[PDB]
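**Q**
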Amino acid sequence: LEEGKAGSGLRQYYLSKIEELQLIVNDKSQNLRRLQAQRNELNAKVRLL
Amino acid sequence: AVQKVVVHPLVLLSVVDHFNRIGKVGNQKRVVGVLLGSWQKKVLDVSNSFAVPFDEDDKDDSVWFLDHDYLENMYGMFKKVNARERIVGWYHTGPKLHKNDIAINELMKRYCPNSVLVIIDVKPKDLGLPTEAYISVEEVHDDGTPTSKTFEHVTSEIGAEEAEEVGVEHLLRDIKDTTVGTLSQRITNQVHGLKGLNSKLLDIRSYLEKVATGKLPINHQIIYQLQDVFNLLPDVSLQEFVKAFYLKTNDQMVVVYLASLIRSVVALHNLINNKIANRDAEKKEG
Amino acid sequence: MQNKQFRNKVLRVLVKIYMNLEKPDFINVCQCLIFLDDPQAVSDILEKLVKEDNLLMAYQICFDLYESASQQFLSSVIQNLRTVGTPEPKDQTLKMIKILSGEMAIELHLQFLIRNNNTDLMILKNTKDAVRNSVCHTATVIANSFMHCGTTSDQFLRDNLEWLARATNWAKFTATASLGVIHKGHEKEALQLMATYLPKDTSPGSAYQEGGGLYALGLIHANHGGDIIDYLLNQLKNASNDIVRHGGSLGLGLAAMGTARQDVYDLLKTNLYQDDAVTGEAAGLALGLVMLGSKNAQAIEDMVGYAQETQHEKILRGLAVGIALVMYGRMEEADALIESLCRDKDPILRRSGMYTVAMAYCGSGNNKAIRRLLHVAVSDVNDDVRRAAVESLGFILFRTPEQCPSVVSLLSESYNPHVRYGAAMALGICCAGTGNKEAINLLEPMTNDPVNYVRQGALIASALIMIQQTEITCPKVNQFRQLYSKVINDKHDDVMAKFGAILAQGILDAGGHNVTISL
Amino acid sequence: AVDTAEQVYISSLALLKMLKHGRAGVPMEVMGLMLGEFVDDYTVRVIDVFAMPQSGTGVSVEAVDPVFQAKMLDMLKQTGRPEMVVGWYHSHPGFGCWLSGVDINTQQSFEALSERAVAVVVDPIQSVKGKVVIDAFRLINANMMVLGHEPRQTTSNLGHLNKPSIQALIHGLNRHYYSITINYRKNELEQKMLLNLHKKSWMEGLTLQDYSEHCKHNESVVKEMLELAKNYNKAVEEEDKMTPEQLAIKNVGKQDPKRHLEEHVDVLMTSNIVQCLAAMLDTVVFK
Amino acid sequence: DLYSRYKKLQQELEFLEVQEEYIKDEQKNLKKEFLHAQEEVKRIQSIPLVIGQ
Ligand SMILES: [Zn+2]
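Chains as they are written, first to last, in the entry's author numbering: chain C, 11 to 59; chain Z, 5 to 290; chain U, 188 to 274, 317 to 748; chain c, 24 to 310; chain D, 39 to 91.
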């Protein structure tokens, strides 16, 4: 055996690094959507003007 | 006499009405409309216009149908409601200049003052300016040809004075204003090569065709000035302009220092708040 | 997120293993026959029921296969099973007859739903306290149709006649249609109840009673096997103005949903050939229903060719839903159709492309359409496709309730109120029937804004989540109290805000907490 | 006794004719007539709109000349304008867009033929050039005071009808005087002809003329704007030298409404014209 | 569950990856609307006006 713990184990660790890339895409979506909320709140503010 | 003219989009939208009230009959010929404007000042200013039933013949081109009573009644009532604008000329929607236009324009040359002619397109597929002011004046030719009506191109501009800008801007809600900066500049700098490419490429093909396959003198005299001005820039060696490239490139260096330095100033609040906000919110979160 | 190119083969090859075992299982044949929908995978299991000679085990698979997972495949399997057998003979006949009946579910639902009703005088008395003669008159009767659905309780509307027929307008049409929502599944008491109202002169002064009788009858006989469509053609043949055409087209098209009959197509076309917007709107709504899965060649080009040659807008929205509902299961087909019709100059048809692609890409099987859905939701300047955009996003992303508020949270408080309202519909449809609080915690900013649109859609979206929920699990006191203060605060609110307010309050009280909804 | 939900279709014809008529909208009372075709009950479309000569009496039933009206209408009938009149419009400068007793009396007299009788009042005098929001008016029946005022279905568009929310005229005179919603329509010929016509109205003749003007004015005129731009930049940096003291003392709260960032971003945007036009000079010099 | 987290997670990879061009569209369009409304509220301020105290 020694595949699910070693081969699929390093495949799962590579999946964890893929989860790190999805954490970079994740927090990029977070701060980009918060800045999007800032611009939306400012343009909505002059819309209230 | 007249250096430039001013044409409001109201008359061209009245040509949109010319294309609206057709009724799906199958004719869609060069419907002639009575152009109105202010001939008092040196510059021509079109405010509004109207139309007259105009029908030609299929085979014979010399057939043209106008109306004097309708012109005097529409012009009489329009002058009664607004006496600040009078008759100036006419315009046809046909893309090609026919021979009968000297007889059609000759009526408004006799009864009305010197009429300006405007050729437009039935389909708004032409990227160029649809309005071309063609003054109806007789010019003396050097080759000895008899004096005839000549249509000289007068420059034109499409502007609105007070309200039509607001109405167009509200009806569109898609076009953008001047908006100096990145987008409005780079769009012109991208599509300008096509804006000259379709014009020059669209013109020099039929031009080169009429060079060898041409007769019925097309005023070959102006071709000498054409190729002359084309040969007025004989691929300058750029030797003297090197220092000019040093000047414009030095201004480029000025923009480099302004961008780097000013952006470096902008990095202050970001590269400070990123620390003082995160570490204080973190140390005070729990 | 399969592409269906291999899933159907893997299933049709993995269904050969349980037939070789000692006993067949139902979960695998159900979970396969809900996706592959192949006739060659059911012809064996329909004929093995006679060989196994087991009556009790066939009733479950017959009940749920005849229940759901197919409409036209059921329309074919009913004659496939009709051919099998006589043209145990005495038992197989009653078996095959009693399995395709389908009315036993209506009988048991009418039974326990007829003996489980719970009504309170506070709700209806509050509606009578907040009723207005102009707008919310239809909201009171639609909430009464919600709470009295299935229970056939006309005794609430038998109190007085001066509260319903006091105004000659569409309010009586919505009242009779609401009556059609109250009672359902009646072959004699429906037509008899409609005829008993004025069997004196056979000439009603208000035609909304007749139009509501045809539309209500279509509501009653929805997907029934004892349809009176044959009589509805002779009743629709009568010459009448905008009530037999509209109500008869809606009721007849709803009753003929899925039949794909060319007769209703022909009479429907000659019903829409009068260029009218209302009977053409109902003609589109009926044509989309009857053309479920038909995919006629000349019909799409005839409708889209009929669209730009008219100036009315109700005909364009009626043919918009008409060409929208016809598109089902055409994932591999409608790519060039929707992609070609997406660049149309008409904003109504631009909405029709998204409404059309909504049901076509159900199941979250395409991550490409969202690109142009949100791209036209943000890029386009007209708010029609912007508020009508994300409904397709919820219709394709209805599978996961958690992933929706993460990407529509930005649309909760958008730039214009139209994307806020359409996004409120998106949160209403994506989280319906679930218990995800990711929209509930975001409902509090939605319910307070000077715009009445986001308040109306916020009350509707809040009404679609609180259904079938207990208070001890989640603290719903906030939205219960703020939802109850709208009918007492209607004096200082807008006229439509109270309409969507009490209309939202009729959602929770629908059926007396017994009936719910499921996607 | 029946009512529906009507909506007035407004094209660019009537709009631009009300804009030229608004330019001719002198304080003196003016008159106009709207035309169109009635296809069904709850829709109305306007196509033909003209103006009327002014009179000393102003807006009145006596000013409407039936031989002049019918004469011009007949001259429209002999042409390709087979549309009947659908209503009359005018201007109410200064005192608001509301209708006086004379206007409601000539409206009551002019509504005997057409049941709809669309009425529009344009007032560009005090309206800013930012918005051209116009509203259409209607006449209610005096016998409907017992029953509901407006039994109009499809109450969704009333949110769009709530944009004119003046607190004196709409509900200050809403009794016996209501309004109706307004929508627009634009085909592809108006979209491409008017869109390309406006883009060309902001573009050049050959589109290559005024480019080199600024490309070569960057060396003559813009240099002054670059030196002055650096004078404003330094004029803010002299305060930005004092900013790290306050930012080094308090760090709590913001008291200066000036951001000092977006203005310099705009200065950089005006400074990038040299970079964007340098490639233009490279193309003109190259070929 | 152990090995299914990869292919089940790929759906979240696509669902989060699809938001990139979306937030690009929002950040590129909402600033164009920001300068549209900015110039619209800027052009309201006209030179002809009355001077008070
Ligand atoms: Zn006055």
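Beta carbons are placed, not taken as given, at the ideal position from N, Cα and C, and that holds for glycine.
#1: By the 10 Å Cβ neighbour count, where 16 or more other Cβ atoms means buried, how is residue 111 of chain c classified, buried or exposed?
#2: Between which two residues does the alpha helix (DSSP H) containing residue 58 of chain Z stretch?
#3: The beta strand (DSSP E) with residue 96 of chain Z in it runs from where to where?
#4: Chain U beta carbons: is any one of them nearer than 9 Å to that of residue 53 of chain C?
#5: Measure the C-alpha to C-alpha separation of residue 49 of chain D and residue 257 of chain U and round it to an integer number of angstroms.
#6: Just the chain c side, please: which residues come within less than 9 Å of residue 728 of chain U by C-beta, in chain order?
#7: Is the beta carbon of residue 160 of chain c within less than 8 Å of some heavy atom of ligand 1?
#8: Could you tell me the distance, in whole angstroms, from the CA atom of residue 447 of chain U to the CA atom of residue 484 of chain U?
#9: Under 8 Å: does the beta carbon of residue 620 of chain U sit that close to some heavy atom of ligand 1?
#10: So, is residue 225 of chain c buried or exposed, given that buried needs 16 or more other C-beta atoms within 10 angstroms?
#11: Out of U/662, U/678 and U/685, point me to the one whose CA is closest to residue 651 of chain U's CA.
#12: Ordered along the chain, which non-local residues of its own chain (more than five positions away) have a Cβ less than 6 Å from that of residue 154 of chain Z?
#13: Leaving aside the five residues before and after residue 196 of chain c along the sequence, list all residues of the same chain whose C-beta is less than 8 Å from its C-beta, in chain order.
#14: Can we count residue 117 of chain c as close to ligand 1, meaning its CB is less than 8 Å from some heavy atom?
#15: Output the distance between the C-alpha atoms of residue 374 of chain U and residue 101 of chain c, rounded to the nearest integer angstrom.
#16: Go through the segment 621-705 of chain U residue by residue and report every complete run of the beta strand (DSSP E) that reaches 3 residues or more, in order.
#17: Give me, in chain order, the residues of the same chain whose beta-carbon lies closer than 7 Å to that of residue 544 of chain U; leave out the 5 immediate sequence neighbours on both sides.
#18: On the CB-based measure, 16 or more other CB atoms within 10 Å of its CB, does residue 413 of chain U come out buried or exposed?
#19: What is the rounded straight-line gap between the Cα of residue 150 of chain Z and the Cα of residue 223 of chain c?
#20: Does the CB of residue 212 of chain Z have a neighbour CB from chain c at under 9 Å?
#21: Residue 286 of chain Z by DSSP, collapsed to three states: which one?
#22: Under the assumption that residue 38 of chain Z contacts residue 14 of chain Z (Cβ atoms under 8 Å), give the Cβ distance between them as a whole number of angstroms.
#23: At 3 residues or longer, what runs of the beta strand (DSSP E) sit wholly inside the segment 500-571 of chain U?
#24: Give every residue of the same chain whose Cβ lies closer than 7 Å to the Cβ of residue 458 of chain U, excluding the five residues on either side of it in the sequence, and list them in chain order.
#25: Per the DSSP calculation, residue 27 of chain Z is bridged to which residue(s)?
#26: Along the beta strand (DSSP E) that carries residue 254 of chain c, what are the first and last residues, could you check?
#27: Closer than 8 Å: is that where the CB of residue 432 of chain U sits relative to any heavy atom of ligand 1?
#28: Nearest-angstrom Cα distance between residue 551 of chain U and residue 514 of chain U?
#29: Any chance the segment 273-290 of chain c sits against the segment 236-249 of chain Z, with 3 or more Cβ pairs inside 8 Å?
#30: Determine, using beta carbons only, whether residue 192 of chain U comes closer than 9 Å to chain D.
#31: On the three-state DSSP scale, how would you describe residue 111 of chain c?
#32: Are three or more beta carbon pairs between the segment 636-655 of chain U and the segment 615-625 of chain U nearer than 8 Å?
#33: For residue 32 of chain C, go through chain U and note every residue whose CB falls closer than 9 Å to its CB, in chain order.
#34: Compile a chain-ordered list of the residues in the segment 78-89 of chain D whose CB is closer than 7 Å to at least one CB of chain Z.
#35: Is there at least one Cβ from chain D nearer than 9 Å to residue 599 of chain U's Cβ?
#36: Answer yes or no: does any C-beta atom of chain D fall closer than 9 Å to that of residue 152 of chain c?
**A** In brief:
#1: Classification for residue 111 of chain c: buried.
#2: For residue 58 of chain Z, no alpha helix (DSSP H) segment is defined, and its DSSP state is neither H nor E.
#3: Counting along the chain, the beta strand (DSSP E) containing residue 96 of chain Z begins and ends at 90-96.
#4: Yes - at least one Cβ of chain U is within 9 Å of the one on residue 53 of chain C.
#5: Between residue 49 of chain D and residue 257 of chain U, the C-alpha separation is close to 27 Å.
#6: What residue 728 of chain U touches in chain c: 178.
#7: Look at residue 160 of chain c: its beta carbon is at least 8 Å from all of the heavy atoms in ligand 1.
#8: Residue 484 of chain U has its alpha-carbon roughly 5 Å from the corresponding atom of residue 447 of chain U.
#9: No - ligand 1 has no heavy atom lying nearer than 8 Å to the Cβ of residue 620 of chain U.
#10: By the beta-carbon neighbour count (other beta carbons within 10 angstroms, threshold 16), residue 225 of chain c is exposed.
#11: Residue 651 of chain U has its Cα closest to that of U/685, out of U/662, U/678 and U/685.
#12: For residue 154 of chain Z, where only same-chain residues beyond five positions count, the Cβ hits under 6 Å are 143.
#13: Hits under 8 Å: 121.
#14: Taking non-hydrogen atoms of ligand 1 into account, the C-beta of residue 117 of chain c is found less than 8 Å away from one of them.
#15: The straight-line gap from Cα to Cα measures roughly 57 Å.
#16: Given a length threshold of 3 residues, the segment 621-705 of chain U has no whole run of the beta strand (DSSP E) inside it.
#17: If the five residues before and after residue 544 of chain U are omitted, its C-beta is found closer than 7 Å to the C-beta atoms of 506, 509 and 510, all from its own chain and listed in chain order.
#18: Burial call: buried.
#19: In a straight line, the C-alpha of residue 150 of chain Z is about 38 Å away from that of residue 223 of chain c.
#20: Not closer than 9 Å to any Cβ of chain c, the Cβ of residue 212 of chain Z fails to qualify, so no.
#21: Helix.
#22: By a beta-carbon distance limit of 8 Å, residue 38 of chain Z does not contact residue 14 of chain Z. Their separation comes to about 14 Å.
#23: Counting whole runs of 3 or more residues, the segment 500-571 of chain U contains no beta strand (DSSP E) stretch at all.
#24: Answer for residue 458 of chain U: 481, 484 and 485, listed in chain order.
#25: Answer is none; residue 27 of chain Z lacks a bridge partner.
#26: In the DSSP annotation of this structure, residue 254 of chain c is not part of any beta strand (DSSP E); the continuous alpha helix (DSSP H) holding it starts and ends at 245-263.
#27: Incorrect: residue 432 of chain U has no Cβ contact closer than 8 Å to ligand 1.
#28: For residue 551 of chain U and residue 514 of chain U, the gap between their C-alpha atoms comes out near 5 Å.
#29: Counting Cβ pairs under 8 Å, fewer than three are found: no touch.
#30: Taking 9 Å as the CB threshold, residue 192 of chain U stays off the interface with chain D.
#31: The answer is strand: DSSP assigns residue 111 of chain c an E or B state.
#32: In this structure the segment 636-655 of chain U lies against the segment 615-625 of chain U, because at least three pairs of beta carbons, one per stretch, are closer than 8 Å.
#33: Within chain U, no residue comes near residue 32 of chain C; the closest Cβ sits about 13 Å away, beyond 9 Å.
#34: The segment 78-89 of chain D vs chain Z, Cβ under 7 Å: nothing.
#35: True, the Cβ-Cβ gap to chain D drops below 9 Å.
#36: Yes - at least one Cβ of chain D is within 9 Å of the one on residue 152 of chain c.
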